[PDB]
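Okay, structure first, notes after.
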Amino acid sequence: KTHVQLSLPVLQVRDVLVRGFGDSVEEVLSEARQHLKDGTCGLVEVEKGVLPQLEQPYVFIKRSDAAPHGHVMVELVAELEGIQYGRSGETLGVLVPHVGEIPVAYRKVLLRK
């Protein structure tokens, strides 16, 4: 399937134990996609002071369309030193590994895979 229905645990930035997916744009996009597939991916909502607490390169989910079965259609865009790899809509948040942090909410997305 070109799209997969996922429910992403929304984590508080200060709870996150593993603050990024790796060391290159290509690695973080790779790792993000693997964790999304394996159900080991969390979402941090971006506000003032969040991103400097996480590790670059960042992986964002961005709205790719204006929402089947409650699931917002999203795609992945990486960012490193202010350059983005991909072009998409509004940021829903930054992806991080999930290693058992308690979420505050779930974000239903339809991920272009």
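FYI, nothing fancy with the structure tokens labels: chains A, B, ... in order, residues from 1 per chain, ligands from 1 as they appear.
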
task = Tell me which protein, DNA and RNA residues are within 10 Å of residue 100 (chain A), counting only C-alpha atoms, leaving out same-chain ones fewer than 5 positions away, and put them as number ranges by chain.
result = A: 9, 15-17, 40, 42

task = Find the spatial neighbours of residue 81 (chain A), counting only C-alpha atoms, within a cut-off of 12 Å - ignore same-chain residues fewer than 6 positions away - and output them as number ranges by chain.
result = A: 24-25, 51-52, 55-58

Could you write out that same residue set with N, CA, C and O atoms as a CSV table (one decimal), in the first residue's frame?
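Okay, result-v4.csv is ready:
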```csv
chain,number,residue,atom,x,y,z
A,24,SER,N,22.7,11.8,9.5
A,24,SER,CA,22.7,12.3,8.1
A,24,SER,C,21.2,12.5,7.7
A,24,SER,O,20.4,11.8,8.4
A,25,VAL,N,20.9,13.3,6.8
A,25,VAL,CA,19.5,13.5,6.3
A,25,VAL,C,19.0,12.1,5.8
A,25,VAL,O,17.8,11.7,6.1
A,51,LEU,N,12.7,22.4,19.3
A,51,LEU,CA,13.6,21.9,18.4
A,51,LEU,C,15.1,22.0,18.9
A,51,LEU,O,15.8,21.1,18.8
A,52,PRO,N,15.5,23.1,19.7
A,52,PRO,CA,16.8,23.1,20.2
A,52,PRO,C,17.1,22.0,21.2
A,52,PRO,O,18.3,21.7,21.5
A,55,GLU,N,17.8,16.6,18.5
A,55,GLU,CA,19.1,16.4,17.7
A,55,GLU,C,18.8,16.6,16.2
A,55,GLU,O,17.9,15.8,15.7
A,56,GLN,N,19.5,17.4,15.5
A,56,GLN,CA,19.5,17.4,14.0
A,56,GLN,C,20.3,16.3,13.5
A,56,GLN,O,21.2,15.8,14.1
A,57,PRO,N,20.1,15.8,12.2
A,57,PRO,CA,18.9,16.3,11.4
A,57,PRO,C,17.6,15.9,12.0
A,57,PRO,O,17.5,14.8,12.6
A,58,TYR,N,16.6,16.8,11.9
A,58,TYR,CA,15.2,16.6,12.3
A,58,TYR,C,14.4,15.9,11.1
A,58,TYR,O,14.7,16.1,9.9
```

Separation of CA of residue 45 (chain A) from CA of residue 99 (chain A) in Å = 17.4 Å

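When only C-alpha atoms are used to compute distances to residue 95 (chain A), the closest of the residues A:50, A:109, A:59, A:18 turns out to be A:59.
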
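We find CA of residue 86 (chain A) and CA of residue 67 (chain A) to be spaced 20.8 Å apart.
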
ask   = residue 10 (chain A): which residues within 10 Å, counting only C-alpha atoms, same-chain residues fewer than 5 positions away excluded, as number ranges by chain?
value = A: 41-45, 93-96, 98, 101-107

task = Within region 19-80 of chain A, find each residue whose DSSP state, derived from the backbone, is helix (DSSP H, G or I), and express the selection as a PyMOL selection string.
result = chain A and resi 25-38+51-53+68-70

So that I have them on file, write out the residues from the current selection with N, CA and C atoms, as an mmCIF file, in the first residue's frame.
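Writing done, so here's result39.cif:
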```cif
data_model
loop_
_atom_site.group_PDB
_atom_site.id
_atom_site.type_symbol
_atom_site.label_atom_id
_atom_site.label_comp_id
_atom_site.auth_asym_id
_atom_site.auth_seq_id
_atom_site.Cartn_x
_atom_site.Cartn_y
_atom_site.Cartn_z
ATOM 1 N N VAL A 25 20.886 13.310 6.777
ATOM 2 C CA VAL A 25 19.489 13.477 6.285
ATOM 3 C C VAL A 25 18.999 12.104 5.822
ATOM 4 N N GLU A 26 19.842 11.358 5.102
ATOM 5 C CA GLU A 26 19.394 10.087 4.489
ATOM 6 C C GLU A 26 19.167 9.049 5.604
ATOM 7 N N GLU A 27 20.011 9.062 6.641
ATOM 8 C CA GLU A 27 19.872 8.107 7.769
ATOM 9 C C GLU A 27 18.593 8.407 8.555
ATOM 10 N N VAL A 28 18.307 9.666 8.846
ATOM 11 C CA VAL A 28 17.170 9.981 9.758
ATOM 12 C C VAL A 28 15.872 9.657 9.016
ATOM 13 N N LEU A 29 15.788 9.959 7.712
ATOM 14 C CA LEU A 29 14.594 9.604 6.906
ATOM 15 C C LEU A 29 14.422 8.083 6.861
ATOM 16 N N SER A 30 15.514 7.340 6.653
ATOM 17 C CA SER A 30 15.537 5.849 6.652
ATOM 18 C C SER A 30 15.015 5.304 7.981
ATOM 19 N N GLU A 31 15.622 5.788 9.064
ATOM 20 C CA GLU A 31 15.334 5.289 10.437
ATOM 21 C C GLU A 31 13.898 5.671 10.781
ATOM 22 N N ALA A 32 13.469 6.889 10.440
ATOM 23 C CA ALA A 32 12.094 7.354 10.731
ATOM 24 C C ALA A 32 11.119 6.374 10.074
ATOM 25 N N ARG A 33 11.361 6.049 8.807
ATOM 26 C CA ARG A 33 10.457 5.159 8.033
ATOM 27 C C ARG A 33 10.453 3.764 8.660
ATOM 28 N N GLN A 34 11.619 3.247 9.051
ATOM 29 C CA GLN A 34 11.687 1.921 9.720
ATOM 30 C C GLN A 34 10.880 1.939 11.038
ATOM 31 N N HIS A 35 11.029 2.974 11.871
ATOM 32 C CA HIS A 35 10.338 3.073 13.197
ATOM 33 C C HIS A 35 8.829 3.241 12.970
ATOM 34 N N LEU A 36 8.439 3.997 11.954
ATOM 35 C CA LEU A 36 6.996 4.155 11.635
ATOM 36 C C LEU A 36 6.424 2.780 11.289
ATOM 37 N N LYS A 37 7.108 2.013 10.445
ATOM 38 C CA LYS A 37 6.693 0.646 10.050
ATOM 39 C C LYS A 37 6.606 -0.240 11.299
ATOM 40 N N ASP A 38 7.584 -0.181 12.230
ATOM 41 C CA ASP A 38 7.726 -1.101 13.399
ATOM 42 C C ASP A 38 6.879 -0.630 14.601
ATOM 43 N N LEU A 51 12.652 22.448 19.333
ATOM 44 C CA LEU A 51 13.646 21.913 18.374
ATOM 45 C C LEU A 51 15.058 21.989 18.938
ATOM 46 N N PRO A 52 15.473 23.058 19.653
ATOM 47 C CA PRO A 52 16.837 23.093 20.183
ATOM 48 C C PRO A 52 17.103 21.983 21.226
ATOM 49 N N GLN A 53 16.041 21.378 21.767
ATOM 50 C CA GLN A 53 16.132 20.268 22.749
ATOM 51 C C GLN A 53 16.230 18.922 22.027
ATOM 52 N N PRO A 68 -8.796 11.007 5.414
ATOM 53 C CA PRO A 68 -9.572 9.765 5.466
ATOM 54 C C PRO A 68 -9.630 9.119 6.855
ATOM 55 N N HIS A 69 -10.847 8.823 7.326
ATOM 56 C CA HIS A 69 -11.138 8.038 8.557
ATOM 57 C C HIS A 69 -10.556 8.726 9.804
ATOM 58 N N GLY A 70 -10.375 10.059 9.776
ATOM 59 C CA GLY A 70 -9.763 10.872 10.851
ATOM 60 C C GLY A 70 -8.255 11.069 10.671
#
```
